[PDB]
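Structure file data.csv with CSV, C-alpha atoms:
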```csv
chain,number,residue,atom,x,y,z
X,5,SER,CA,102.3,-86.6,53.5
X,6,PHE,CA,101.9,-87.3,57.3
X,7,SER,CA,103.7,-84.9,59.6
X,8,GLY,CA,104.6,-84.8,63.3
X,9,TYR,CA,104.0,-88.5,64.0
X,10,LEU,CA,106.2,-90.2,66.6
X,11,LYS,CA,107.6,-93.5,65.4
X,12,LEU,CA,106.7,-96.4,67.7
X,13,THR,CA,107.9,-99.4,65.6
X,14,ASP,CA,109.1,-100.1,62.0
X,15,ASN,CA,105.5,-99.5,60.8
X,16,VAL,CA,103.4,-97.9,63.5
X,17,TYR,CA,103.4,-94.1,64.1
X,18,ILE,CA,101.3,-92.0,66.5
X,19,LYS,CA,100.2,-88.4,66.9
X,20,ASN,CA,97.9,-86.4,69.2
X,21,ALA,CA,95.5,-85.3,66.5
X,22,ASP,CA,91.9,-85.1,65.6
X,23,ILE,CA,91.5,-87.8,62.8
X,24,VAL,CA,89.0,-85.6,61.0
X,25,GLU,CA,91.5,-82.7,60.8
X,26,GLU,CA,94.3,-85.1,59.9
X,27,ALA,CA,92.2,-86.6,57.1
X,28,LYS,CA,91.2,-83.2,55.7
X,29,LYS,CA,94.9,-82.1,55.8
X,30,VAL,CA,96.6,-85.2,54.4
X,31,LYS,CA,93.7,-86.7,52.2
X,32,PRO,CA,95.1,-90.2,52.8
X,33,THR,CA,94.5,-93.2,50.5
X,34,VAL,CA,92.7,-94.9,53.4
X,35,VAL,CA,91.2,-93.5,56.6
X,36,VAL,CA,89.9,-96.1,59.0
X,37,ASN,CA,86.6,-95.6,60.7
X,38,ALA,CA,85.8,-97.1,64.1
X,39,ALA,CA,82.6,-98.5,62.8
X,40,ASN,CA,79.8,-100.6,64.3
X,41,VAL,CA,78.3,-103.6,62.5
X,42,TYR,CA,75.4,-101.5,61.3
X,43,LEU,CA,77.6,-98.7,60.0
X,44,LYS,CA,75.5,-96.3,62.2
X,45,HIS,CA,78.0,-93.4,62.6
X,46,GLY,CA,76.5,-91.7,65.6
X,47,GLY,CA,79.4,-90.8,67.9
X,48,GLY,CA,83.1,-91.1,68.6
X,49,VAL,CA,85.3,-91.3,65.5
X,50,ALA,CA,82.5,-92.6,63.3
X,51,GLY,CA,80.2,-89.7,64.2
X,52,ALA,CA,83.0,-87.2,63.7
X,53,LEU,CA,84.1,-88.6,60.3
X,54,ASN,CA,80.5,-88.8,59.1
X,55,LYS,CA,79.7,-85.2,60.2
X,56,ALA,CA,82.8,-84.1,58.2
X,57,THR,CA,81.3,-85.8,55.1
X,58,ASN,CA,78.0,-83.8,55.6
X,59,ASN,CA,76.3,-87.2,56.3
X,60,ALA,CA,77.4,-88.6,52.8
X,61,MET,CA,79.2,-91.4,54.6
X,62,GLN,CA,76.0,-92.4,56.4
X,63,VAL,CA,73.9,-92.3,53.2
X,64,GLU,CA,76.5,-94.5,51.4
X,65,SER,CA,76.7,-96.8,54.5
X,66,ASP,CA,72.9,-97.3,54.7
X,67,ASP,CA,72.9,-98.3,51.0
X,68,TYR,CA,75.8,-100.8,51.8
X,69,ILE,CA,73.8,-102.3,54.7
X,70,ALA,CA,70.6,-102.5,52.7
X,71,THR,CA,72.4,-104.5,50.1
X,72,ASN,CA,74.8,-106.6,52.2
X,73,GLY,CA,73.6,-106.7,55.7
X,74,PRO,CA,75.7,-105.9,58.8
X,75,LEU,CA,79.4,-106.5,59.1
X,76,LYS,CA,80.8,-109.0,61.6
X,77,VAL,CA,82.6,-107.7,64.8
X,78,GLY,CA,86.2,-108.0,63.7
X,79,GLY,CA,85.2,-107.4,60.1
X,80,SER,CA,85.5,-104.5,57.7
X,81,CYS,CA,84.3,-103.0,54.4
X,82,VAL,CA,85.9,-100.5,52.0
X,83,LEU,CA,83.7,-97.6,51.1
X,84,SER,CA,84.4,-94.1,49.7
X,85,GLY,CA,86.5,-91.7,51.8
X,86,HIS,CA,84.3,-88.8,50.5
X,87,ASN,CA,86.1,-85.5,51.2
X,88,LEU,CA,88.4,-87.1,53.8
X,89,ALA,CA,90.3,-89.8,51.9
X,90,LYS,CA,90.2,-91.9,48.7
X,91,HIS,CA,88.7,-94.8,50.7
X,92,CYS,CA,87.3,-95.3,54.2
X,93,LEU,CA,88.0,-98.7,55.7
X,94,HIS,CA,85.2,-99.2,58.2
X,95,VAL,CA,86.5,-101.6,60.7
X,96,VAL,CA,84.5,-103.1,63.6
X,97,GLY,CA,86.4,-103.5,66.8
X,98,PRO,CA,84.7,-105.2,69.7
X,99,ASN,CA,82.6,-102.8,71.8
X,100,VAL,CA,83.5,-103.8,75.4
X,101,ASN,CA,80.5,-101.6,76.6
X,102,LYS,CA,78.2,-103.8,74.5
X,103,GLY,CA,79.8,-107.0,76.0
X,104,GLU,CA,81.6,-108.0,72.8
X,105,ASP,CA,84.5,-110.4,72.9
X,106,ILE,CA,87.8,-108.4,73.4
X,107,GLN,CA,89.7,-111.2,71.6
X,108,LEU,CA,88.2,-110.0,68.3
X,109,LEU,CA,90.4,-106.8,68.5
X,110,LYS,CA,93.3,-108.7,66.8
X,111,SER,CA,90.9,-109.8,64.0
X,112,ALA,CA,89.8,-106.2,63.6
X,113,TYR,CA,93.4,-105.0,63.3
X,114,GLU,CA,94.1,-107.7,60.7
X,115,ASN,CA,91.9,-105.8,58.2
X,116,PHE,CA,94.6,-103.1,58.2
X,117,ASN,CA,97.0,-105.5,56.5
X,118,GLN,CA,95.1,-105.3,53.3
X,119,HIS,CA,96.2,-101.7,52.8
X,120,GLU,CA,99.8,-100.4,52.4
X,121,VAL,CA,99.2,-97.2,54.4
X,122,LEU,CA,96.4,-96.1,56.6
X,123,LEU,CA,95.4,-93.1,58.8
X,124,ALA,CA,93.6,-94.8,61.8
X,125,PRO,CA,92.3,-94.5,65.3
X,126,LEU,CA,93.0,-97.0,68.0
X,127,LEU,CA,90.4,-99.7,67.5
X,128,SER,CA,87.9,-100.4,70.4
X,129,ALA,CA,89.3,-97.3,72.3
X,130,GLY,CA,87.2,-94.3,73.3
X,131,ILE,CA,83.5,-95.0,73.5
X,132,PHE,CA,84.1,-98.6,72.5
X,133,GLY,CA,85.4,-99.2,76.1
X,134,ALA,CA,88.6,-101.2,75.6
X,135,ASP,CA,91.9,-100.2,77.3
X,136,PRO,CA,93.7,-98.0,74.6
X,137,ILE,CA,97.1,-99.2,76.0
X,138,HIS,CA,95.9,-102.8,75.1
X,139,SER,CA,94.6,-101.6,71.7
X,140,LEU,CA,98.0,-100.0,70.8
X,141,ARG,CA,99.8,-103.3,71.8
X,142,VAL,CA,97.5,-105.4,69.6
X,143,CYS,CA,98.0,-102.9,66.8
X,144,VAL,CA,101.8,-103.0,66.9
X,145,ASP,CA,101.7,-106.9,67.2
X,146,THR,CA,99.2,-107.4,64.4
X,147,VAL,CA,99.5,-104.7,61.8
X,148,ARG,CA,102.4,-105.1,59.4
X,149,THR,CA,101.5,-102.3,57.0
X,150,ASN,CA,102.2,-98.6,57.7
X,151,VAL,CA,99.7,-97.3,60.2
X,152,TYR,CA,99.5,-93.6,61.3
X,153,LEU,CA,97.5,-93.5,64.5
X,154,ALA,CA,95.6,-90.3,65.4
X,155,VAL,CA,94.8,-90.1,69.2
X,156,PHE,CA,92.3,-87.4,69.9
X,157,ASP,CA,92.9,-87.1,73.6
X,158,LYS,CA,96.2,-85.3,74.6
X,159,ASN,CA,96.4,-87.0,78.0
X,160,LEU,CA,95.7,-90.4,76.5
X,161,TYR,CA,98.4,-89.7,73.8
X,162,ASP,CA,101.0,-88.9,76.5
X,163,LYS,CA,100.0,-92.0,78.5
X,164,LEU,CA,100.3,-94.2,75.4
X,165,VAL,CA,103.7,-92.9,74.4
X,166,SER,CA,105.2,-92.8,77.9
X,167,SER,CA,103.9,-96.4,78.7
X,168,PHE,CA,104.9,-97.9,75.3
X,169,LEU,CA,107.1,-101.0,75.6
```
Transcribe the structure of this file into structure tokens.
Amino acid sequence: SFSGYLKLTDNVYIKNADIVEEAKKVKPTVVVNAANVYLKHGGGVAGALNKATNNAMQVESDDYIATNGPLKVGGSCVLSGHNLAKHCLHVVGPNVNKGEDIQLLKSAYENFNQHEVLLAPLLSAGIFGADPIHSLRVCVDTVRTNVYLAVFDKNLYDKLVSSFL
């Protein structure tokens, strides 16, 4: 199971960890990917998860997009977790750097409620440009299922825990 997570609320847990390494160790039922609408897994969590799958995630994703078209900002799709998890829940948080509406972050986190337990990153954080403190607050106020948050950056992890209300 998940180990070394700090409990923030009844259902939200957090750890300073690389989500790729966490996924390979735990092999969760669901790993969340910080996806974009095109499922183009170039950088950040998406690039890292995809690289760990030897690009199998990107090949599967391109077939999904060819069939279904792009996701909506705030939306998600369930695909294979490959060698990382049973499933990957690709969730599109708003990219503040691309001028996307930050109010869609709550809609993005609502996707997590369809799964009893998830290994996840903070949506819209990192290269998506939103304030990770705000993302954690939206997470705890939106997600009701059990979410294990992996925060790659040690200094950000310390700031998130120490500033948590």
Checklist entry - Which protein, DNA or RNA residues have an atom at most 12 Å from (99.7, -91.2, 64.0), counting only C-alpha atoms? List them as a PyMOL selection string. => result chain X and resi 5-13+15-23+26-27+30+35+121-126+140+150-156+161+164-165
Same residues, C-alpha atoms, output as a PDB file, keeping the file's coordinate frame:
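For reference, out_38.pdb as written:
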```pdb
ATOM      1  CA  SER X   5     102.300 -86.600  53.500  1.00  0.00           C
ATOM      2  CA  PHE X   6     101.900 -87.300  57.300  1.00  0.00           C
ATOM      3  CA  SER X   7     103.700 -84.900  59.600  1.00  0.00           C
ATOM      4  CA  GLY X   8     104.600 -84.800  63.300  1.00  0.00           C
ATOM      5  CA  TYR X   9     104.000 -88.500  64.000  1.00  0.00           C
ATOM      6  CA  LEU X  10     106.200 -90.200  66.600  1.00  0.00           C
ATOM      7  CA  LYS X  11     107.600 -93.500  65.400  1.00  0.00           C
ATOM      8  CA  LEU X  12     106.700 -96.400  67.700  1.00  0.00           C
ATOM      9  CA  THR X  13     107.900 -99.400  65.600  1.00  0.00           C
ATOM     10  CA  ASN X  15     105.500 -99.500  60.800  1.00  0.00           C
ATOM     11  CA  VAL X  16     103.400 -97.900  63.500  1.00  0.00           C
ATOM     12  CA  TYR X  17     103.400 -94.100  64.100  1.00  0.00           C
ATOM     13  CA  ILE X  18     101.300 -92.000  66.500  1.00  0.00           C
ATOM     14  CA  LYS X  19     100.200 -88.400  66.900  1.00  0.00           C
ATOM     15  CA  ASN X  20      97.900 -86.400  69.200  1.00  0.00           C
ATOM     16  CA  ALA X  21      95.500 -85.300  66.500  1.00  0.00           C
ATOM     17  CA  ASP X  22      91.900 -85.100  65.600  1.00  0.00           C
ATOM     18  CA  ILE X  23      91.500 -87.800  62.800  1.00  0.00           C
ATOM     19  CA  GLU X  26      94.300 -85.100  59.900  1.00  0.00           C
ATOM     20  CA  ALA X  27      92.200 -86.600  57.100  1.00  0.00           C
ATOM     21  CA  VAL X  30      96.600 -85.200  54.400  1.00  0.00           C
ATOM     22  CA  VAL X  35      91.200 -93.500  56.600  1.00  0.00           C
ATOM     23  CA  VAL X 121      99.200 -97.200  54.400  1.00  0.00           C
ATOM     24  CA  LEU X 122      96.400 -96.100  56.600  1.00  0.00           C
ATOM     25  CA  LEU X 123      95.400 -93.100  58.800  1.00  0.00           C
ATOM     26  CA  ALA X 124      93.600 -94.800  61.800  1.00  0.00           C
ATOM     27  CA  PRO X 125      92.300 -94.500  65.300  1.00  0.00           C
ATOM     28  CA  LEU X 126      93.000 -97.000  68.000  1.00  0.00           C
ATOM     29  CA  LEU X 140      98.000-100.000  70.800  1.00  0.00           C
ATOM     30  CA  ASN X 150     102.200 -98.600  57.700  1.00  0.00           C
ATOM     31  CA  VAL X 151      99.700 -97.300  60.200  1.00  0.00           C
ATOM     32  CA  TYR X 152      99.500 -93.600  61.300  1.00  0.00           C
ATOM     33  CA  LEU X 153      97.500 -93.500  64.500  1.00  0.00           C
ATOM     34  CA  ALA X 154      95.600 -90.300  65.400  1.00  0.00           C
ATOM     35  CA  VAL X 155      94.800 -90.100  69.200  1.00  0.00           C
ATOM     36  CA  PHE X 156      92.300 -87.400  69.900  1.00  0.00           C
ATOM     37  CA  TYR X 161      98.400 -89.700  73.800  1.00  0.00           C
ATOM     38  CA  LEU X 164     100.300 -94.200  75.400  1.00  0.00           C
ATOM     39  CA  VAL X 165     103.700 -92.900  74.400  1.00  0.00           C
TER      40      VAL X 165
END
```
Checklist entry - Which value, in Å to one decimal, gives the distance between CA of residue 34 (chain X) and CA of residue 89 (chain X)? => result 5.8 Å
Checklist entry - Residues around (93.3, -99.2, 49.8), cut-off 9 Å, counting all atoms listed in the file - what are they as a list in words? => result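 So the residues meeting the distance criterion are residues 33, 34, 82, 90, 91, 92, 93, 118, 119, 120, 121 and 122 of chain X.
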Next on the checklist: Would you pick out the contacts of region 62-68 of chain X at 8 Å or less, using all atoms listed in the file, so that residues sharing its chain but fewer than 6 positions from it are not included, and give the list as a ChimeraX atom specification?
Outcome noted: /X:43-45,54,83
Item to check | Counting only C-alpha atoms, the option among X:36, X:106, X:53, X:144 closest to residue 14 (chain X) | outcome: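 When distances to residue 14 (chain X) are compared using only C-alpha atoms, the smallest one comes from X:144.
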Item to check | Nearest candidate to residue 102 (chain X) (options X:134, X:46, X:25, X:37; using all atoms listed in the file) | outcome: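 Using all atoms listed in the file, residue 102 (chain X) sits closest to X:134.
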Checklist entry - For residue 40 (chain X), which residue among X:97, X:87, X:57, X:137 is the nearest when counting all atoms listed in the file? => result X:97
Next on the checklist: Ranking X:61, X:24, X:69, X:96 by minimum distance to residue 39 (chain X) and counting all atoms listed in the file, which one comes first?
Outcome noted: X:96
Checklist entry - What does the distance from CA of residue 101 (chain X) to CA of residue 116 (chain X) come to in Å, to one decimal? => result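 According to the coordinates, CA of residue 101 (chain X) and CA of residue 116 (chain X) are separated by 23.2 Å.
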Item to check | Interatomic distance, CA of residue 88 (chain X) to CA of residue 115 (chain X) (Å, one decimal) | outcome: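 Atom-to-atom, CA of residue 88 (chain X) and CA of residue 115 (chain X) are spaced 19.5 Å apart.
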Item to check | Which of X:146, X:59, X:42, X:131 sits closest to residue 73 (chain X) [using all atoms listed in the file] | outcome: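 Using all atoms listed in the file, residue 73 (chain X) sits closest to X:42.
Distance check against residue 75 (chain X) using all atoms listed in the file: of X:60, X:160, X:149, X:94, the minimum falls on X:94.
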Item to check | Surrounding residues of residue 139 (chain X) excluding itself and chain neighbours under 2 positions, 7 Å, all atoms listed in the file, as a list in words | outcome: residues 126, 127, 128, 129, 135, 136, 137, 141, 142 and 143 of chain X
Restricted to C-alpha atoms, what does region 46-109 of chain X look like when written out as a PDB file, in the first residue's frame?
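Contents of the output file decode04.pdb:
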```
ATOM      1  CA  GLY X  46       5.548  16.319 -23.251  1.00  0.00           C
ATOM      2  CA  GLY X  47       6.682  17.640 -19.900  1.00  0.00           C
ATOM      3  CA  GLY X  48       5.903  17.851 -16.207  1.00  0.00           C
ATOM      4  CA  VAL X  49       4.071  14.919 -14.650  1.00  0.00           C
ATOM      5  CA  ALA X  50       2.673  13.871 -18.063  1.00  0.00           C
ATOM      6  CA  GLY X  51       6.097  13.709 -19.717  1.00  0.00           C
ATOM      7  CA  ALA X  52       7.512  11.822 -16.771  1.00  0.00           C
ATOM      8  CA  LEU X  53       4.664   9.259 -16.576  1.00  0.00           C
ATOM      9  CA  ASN X  54       4.738   8.780 -20.341  1.00  0.00           C
ATOM     10  CA  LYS X  55       8.543   8.289 -20.379  1.00  0.00           C
ATOM     11  CA  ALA X  56       8.126   5.643 -17.637  1.00  0.00           C
ATOM     12  CA  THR X  57       5.703   3.748 -19.947  1.00  0.00           C
ATOM     13  CA  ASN X  58       8.328   3.751 -22.772  1.00  0.00           C
ATOM     14  CA  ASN X  59       5.891   6.037 -24.735  1.00  0.00           C
ATOM     15  CA  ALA X  60       3.070   3.425 -24.602  1.00  0.00           C
ATOM     16  CA  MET X  61       0.910   6.030 -22.833  1.00  0.00           C
ATOM     17  CA  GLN X  62       1.396   8.470 -25.717  1.00  0.00           C
ATOM     18  CA  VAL X  63       0.612   5.814 -28.366  1.00  0.00           C
ATOM     19  CA  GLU X  64      -2.589   4.850 -26.552  1.00  0.00           C
ATOM     20  CA  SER X  65      -3.445   8.539 -26.040  1.00  0.00           C
ATOM     21  CA  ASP X  66      -3.017   9.412 -29.727  1.00  0.00           C
ATOM     22  CA  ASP X  67      -5.421   6.576 -30.633  1.00  0.00           C
ATOM     23  CA  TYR X  68      -7.895   7.913 -28.007  1.00  0.00           C
ATOM     24  CA  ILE X  69      -7.677  11.461 -29.469  1.00  0.00           C
ATOM     25  CA  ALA X  70      -7.958  10.172 -33.058  1.00  0.00           C
ATOM     26  CA  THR X  71     -11.236   8.470 -32.056  1.00  0.00           C
ATOM     27  CA  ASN X  72     -12.730  10.921 -29.579  1.00  0.00           C
ATOM     28  CA  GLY X  73     -11.189  14.322 -30.116  1.00  0.00           C
ATOM     29  CA  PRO X  74      -9.693  16.430 -27.361  1.00  0.00           C
ATOM     30  CA  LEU X  75     -10.782  16.491 -23.750  1.00  0.00           C
ATOM     31  CA  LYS X  76     -12.313  19.627 -22.214  1.00  0.00           C
ATOM     32  CA  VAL X  77     -10.315  21.711 -19.682  1.00  0.00           C
ATOM     33  CA  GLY X  78     -11.712  20.351 -16.406  1.00  0.00           C
ATOM     34  CA  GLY X  79     -12.420  16.951 -17.994  1.00  0.00           C
ATOM     35  CA  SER X  80     -10.842  13.548 -17.890  1.00  0.00           C
ATOM     36  CA  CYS X  81     -10.635  10.160 -19.477  1.00  0.00           C
ATOM     37  CA  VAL X  82      -9.626   6.755 -18.109  1.00  0.00           C
ATOM     38  CA  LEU X  83      -6.941   4.929 -20.044  1.00  0.00           C
ATOM     39  CA  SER X  84      -4.518   2.107 -19.186  1.00  0.00           C
ATOM     40  CA  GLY X  85      -1.998   2.676 -16.402  1.00  0.00           C
ATOM     41  CA  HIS X  86       0.529   0.534 -18.388  1.00  0.00           C
ATOM     42  CA  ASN X  87       3.423  -0.453 -16.027  1.00  0.00           C
ATOM     43  CA  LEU X  88       2.472   2.270 -13.502  1.00  0.00           C
ATOM     44  CA  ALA X  89      -1.067   1.480 -12.388  1.00  0.00           C
ATOM     45  CA  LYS X  90      -4.209  -0.481 -13.432  1.00  0.00           C
ATOM     46  CA  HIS X  91      -5.639   2.773 -14.872  1.00  0.00           C
ATOM     47  CA  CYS X  92      -4.470   6.241 -15.623  1.00  0.00           C
ATOM     48  CA  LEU X  93      -7.008   8.968 -15.052  1.00  0.00           C
ATOM     49  CA  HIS X  94      -5.917  11.764 -17.380  1.00  0.00           C
ATOM     50  CA  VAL X  95      -7.258  14.918 -15.836  1.00  0.00           C
ATOM     51  CA  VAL X  96      -7.007  18.356 -17.447  1.00  0.00           C
ATOM     52  CA  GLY X  97      -6.521  21.107 -14.956  1.00  0.00           C
ATOM     53  CA  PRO X  98      -6.500  24.674 -16.319  1.00  0.00           C
ATOM     54  CA  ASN X  99      -3.096  25.828 -17.515  1.00  0.00           C
ATOM     55  CA  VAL X 100      -2.741  29.359 -16.133  1.00  0.00           C
ATOM     56  CA  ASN X 101       0.325  29.858 -18.433  1.00  0.00           C
ATOM     57  CA  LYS X 102      -2.000  29.240 -21.428  1.00  0.00           C
ATOM     58  CA  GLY X 103      -4.570  31.768 -19.972  1.00  0.00           C
ATOM     59  CA  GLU X 104      -7.112  29.077 -19.003  1.00  0.00           C
ATOM     60  CA  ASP X 105      -9.844  29.793 -16.490  1.00  0.00           C
ATOM     61  CA  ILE X 106      -8.532  28.970 -12.937  1.00  0.00           C
ATOM     62  CA  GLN X 107     -12.193  28.386 -11.797  1.00  0.00           C
ATOM     63  CA  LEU X 108     -12.056  25.098 -13.802  1.00  0.00           C
ATOM     64  CA  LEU X 109      -9.667  23.594 -11.212  1.00  0.00           C
TER      65      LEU X 109
END
```
